[PDB]
Amino acid sequence: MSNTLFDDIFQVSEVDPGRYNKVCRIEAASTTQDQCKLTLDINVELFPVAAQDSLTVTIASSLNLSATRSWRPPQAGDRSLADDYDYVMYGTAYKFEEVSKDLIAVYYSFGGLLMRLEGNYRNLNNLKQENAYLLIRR
Amino acid sequence: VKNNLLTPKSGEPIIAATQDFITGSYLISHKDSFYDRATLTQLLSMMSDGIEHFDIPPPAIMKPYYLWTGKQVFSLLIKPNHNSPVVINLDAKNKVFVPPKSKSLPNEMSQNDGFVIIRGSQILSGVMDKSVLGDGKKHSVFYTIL
Amino acid sequence: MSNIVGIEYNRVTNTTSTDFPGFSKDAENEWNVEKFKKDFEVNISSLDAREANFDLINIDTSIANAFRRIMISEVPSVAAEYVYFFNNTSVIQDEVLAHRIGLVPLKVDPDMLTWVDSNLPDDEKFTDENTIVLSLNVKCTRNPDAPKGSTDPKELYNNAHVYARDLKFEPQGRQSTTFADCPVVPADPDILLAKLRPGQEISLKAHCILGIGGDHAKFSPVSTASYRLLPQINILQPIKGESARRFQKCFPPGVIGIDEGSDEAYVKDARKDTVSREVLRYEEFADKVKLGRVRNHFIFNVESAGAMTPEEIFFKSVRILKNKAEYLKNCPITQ
Amino acid sequence: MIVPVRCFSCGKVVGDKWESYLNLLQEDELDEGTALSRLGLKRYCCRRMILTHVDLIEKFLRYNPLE
Amino acid sequence: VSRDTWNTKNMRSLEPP
Amino acid sequence: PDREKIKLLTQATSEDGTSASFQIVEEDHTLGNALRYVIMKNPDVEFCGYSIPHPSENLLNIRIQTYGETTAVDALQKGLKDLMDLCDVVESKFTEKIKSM
Ligand SMILES: [Zn+2]
């Protein structure tokens, strides 16, 4: 509940594969938030995206609501987020930049799959930290 | 050899990746490259001699499958585990860099993977190019590690 | 995707197994027999004295390739190793003749020879349990009754062509009784070992021992041991009339057939199909066909050199894999 | 010089097919392709082993010094 | 064909030299 | 008692097991890849993988990393036994089909 740093419904404008066969840079404008734009690289082989479809994009930290140092998948029967989401990526917000007054852009890298999120008032929710899960459902 | 990785004429690196190494690095770091856990661990074992510990990071894709990108593979190449001190921060342009769709957009929003960003030894964007792994560039990964 | 290897016009996709726990949140496909034992299937398409075609279904690429590699390079076979030239007066150099004789495959069954130990002196190293001795004594003499203008050397001269059959088994001690029912003979006796003219003689004996294909190719018992993934052709949309004939010409003749009345094109036999992606270059069946390969369905074709049967070669390969696994399991791990 | 015993790539015995291939060419003449297919040389490596061979030993034997 | 040979015959050659 | 076949590489071994490199002589991709597949089918293994350090040496370093439940030696023994069972199943099916035909 309090682990979601961002959540919105986006209308996908463009989906173009630029010299790629399984990754597409989708462009999506928000619904009810006219200042909120979204550019996102998605594995369209696992999560196919077409033009002009509705995407629910949720940015969450601590998806699951030893000192082994190697990531371990959660148990199969674990009540967690991403159960109600088709496509989930894990990355890091590595840059915050201002695009104008009361409008900033936040950049995430999900292993090289980039995402640029544009908005105005999120200063108390989005931080430059490795803990950032991106959840998309259709 | 280790003390002479840079030519004294200009200081640019001269010992670096050759042709097939550059091609394989580019094919690994290519944005279409996704590896499951078994393939990733075999890649890391081949990268080492099977005698290096690797801290497997969380996969870039967590649903529907646990997939690692090739950029994560190369991030592990730079920094295999937490004991290794190599923390590299780098900004570089690949030799083929088509600019982002707008003049206002930052350089890593390039339409191709033409701009390399490395933060904390984590490759965030860009392919493993000749400008990043080859000779003559003072923004090379090996030049920075040196 | 999902177990089908994607065959595209420019690339091959989905070549990795993805059948292990850790591939997804559902930590399924963890190893257990009574699941592999129930899924795994063997389908023997044909069995001959020298060729076997069989299908390993629902087995992993790594295991099937282990079988193939062991067949090629780790199943032992008997081949000539040392050639002792009493006299070689022919035009072929002794080293070349020795190489050719070694390349000749012998129809001697292994497990009836013992592995040679090299830690012992030459005078005690070769035994009767250890070695097969084959002699070659051939002498060329001009045929006096040669027909007029008979250029052919076969009628012009006697023994002008040395063949593998000219190699004769020399039974040593027990060999006389153990190989009584099966005298060591060349699997291919028509191999042209050498060609001689009058006055040239070849006198040698060869010591044939067990060996390993990984050591020298002469010890490899398979002319070729290999597999191929079962091709899969999916016709997504109906193809009919004359585009159906054009579609049928993009595959080997018996692969896909033409339906009567229906007139649509349908896949008749994907096993007969060589994956040439000829249909993928025509931009009219682009949205109508999907080429694939079943990733865990293997069509093994084993052709023996002649020493053993291909089924015996394959069983020896699987036994070799099992035996090295067992030996490694029994070995104690040293620090 | 003389036909190699095995194909370089597969290891299939092709040294026992040289004379049969020659006889297919001369007696009851065939095309080289169908004569190679008749002998069982399916793979193009085994095909080239016979198709590209130059029988130089028959020419060397014209200089046999111990007649 | 279609007859086993490994069951009847002791595989001596498969021992490690 | 073959003490020179498989060795534990102590420099590449963690504390309390769960991470170890095993050097196996006279082995190559054949055993390496099958063993890696079988070991990766073990739910406790988080990292399996072999490398042949040099083609001129009959050598094979196989790296096993597990979670805290079991040790790399345990995982390796389990993988070897499971490969044994796999080969048993393949042998039984092949023998049955060869007999039947
Ligand atoms: Zn061949």
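Looking at the entry header, you'll see cryo-EM listed as the method and 2.9 Å as the resolution.

### Points about helix α1 (residues 18–26) of chain D
All names here are of chain D. Among the residues of α1, those classed as buried are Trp18, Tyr21 and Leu24. All buried residues of α1 lie within an arc of 125 degrees about the axis, which places them on one face of the element. Looking at the residues trailing α1, positive phi occurs at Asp28, about 55 degrees.

### A word on the coordination of the zinc ion
Residues and elements named next belong to chain D. Protein ligation of the zinc ion involves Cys7 (SG), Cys10 (SG), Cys45 (SG) and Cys46 (SG), the donor distances falling in the range 2.2 to 2.3 Å. Note that the zinc ion binds four donor atoms; their angles at the metal cover 60 to 135 degrees, and the shape is irregular. Donor residues for the zinc ion, ordered by position in the chain, follow C-x2-C-x34-C-C. Within this pair, whereas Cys7 is found in the segment before α1, its partner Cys46 is found in helix α3 (residues 44–51), the two being separated by 39 residues in sequence. Residue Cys7 shares its accessibility class with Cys46, and that shared class is buried.

### Re the interface of chain F and chain B
Facing the 19 residues of chain F at the interface are 15 residues of chain B. When chain F packs against chain B, the two sides together hide about 1,300 Å² of surface, and 48% of this comes from carbon and sulfur. Of all residues in chain F, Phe47, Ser51 and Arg63 of chain F bury the most surface against chain B, accounting for 32% of the area lost on that side. With a closest N to O distance of 2.8 Å, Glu46 of chain F and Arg37 of chain B form a salt bridge. Linking chain F to chain B there are ten residue pairs in polar contact. Counting residues per element, the ones that place at least two in the side of chain F that touches chain B are β2 (19–24), α1 (29–40), β3 (45–51) and β4 (61–66) of chain F. Here the side of chain F that touches chain B gets six residues from one element, more than from any other, and that element is β3 of chain F.

### Some words on the packing of aromatic side chains
In this structure the tally under the stated criterion is 28 aromatic pairs over all chains. Ring geometry for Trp31 of chain C and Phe36 of chain C: centres 5.6 Å apart, planes at 40 degrees, overall tilted. Through successive ring pairs, a cluster of aromatic residues spans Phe54, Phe67, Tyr227, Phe298, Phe300, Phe314 and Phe315 of chain C, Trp6 of chain E together with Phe94 of chain F. Looking at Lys95 of chain A, its charged tip hangs above the ring of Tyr107 of chain A, at a distance of 5.7 Å from the centre. Its end group placed over the ring of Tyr85 of chain A, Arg137 of chain A keeps NZ or CZ at 4.3 Å from the ring centre.

Rules of the game
Within each chain the first residue of the written sequence is number 1 and the count goes on from 1 in that order, possibly differing from the entry; residues lacking coordinates are omitted. Chain letters and ligand numbers both follow the written order, the letters beginning at A and the numbers at 1. Only a portion of a larger assembly is displayed here, and every value given applies to that displayed portion alone. Side-chain metrics in this entry use all non-hydrogen atoms of the structure; hydrogen atoms and water are not considered. When a residue's accessible area, from a 1.4 Å probe over protein chains only, is under 20% of the maximum for its type it is buried; when over 50% it is exposed; and in between it is partly exposed. Comment: elements are numbered from the N terminus, with helices defined as DSSP H or I runs of at least four residues and strands as E runs of at least two. Each C-beta atom gives one direction from the helix axis, and the arc is the one those directions make. Coordinating N, O and S atoms are those within 2.8 Å of the metal (3.2 Å for Na, K and Ca), and as water is not part of the atoms, a site may appear to have fewer donors than expected. A four-donor site is called tetrahedral if each angle lies between 85 and 135 degrees; a four-donor site is square planar, and a six-donor site octahedral, when trans pairs exceed 155 degrees and the remaining angles lie between 65 and 115; all other cases are labelled irregular. Whether two residues are in contact is decided by their heavy atoms, any of which lying within 4.5 Å being enough. Note on terms: buried area is the combined drop in 1.4 Å-probe accessible area of two parts once they are placed together, counting the loss on both. The term salt bridge refers to a pairing of a side-chain nitrogen on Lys or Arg with a carboxyl oxygen on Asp or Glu at a separation within 4 Å. Throughout this description, a polar contact denotes any pair of N or O atoms lying within 3.5 Å of each other; where both atoms belong to protein, one of them has to be capable of donating a hydrogen while the other can accept it, and for residues adjacent in sequence the pair is counted only when both atoms sit in side chains. Each pair of aromatic rings taken from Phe, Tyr and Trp, with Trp reduced to its six-membered ring, is defined by centres within 6.5 Å and is described as stacked if the planes are under 30 degrees apart, edge-to-face if over 60, and tilted in the remaining cases. Counted as over-ring charges are cases with an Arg CZ or a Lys NZ within 6 Å of the ring centre that also lie within 35 degrees of the ring normal.

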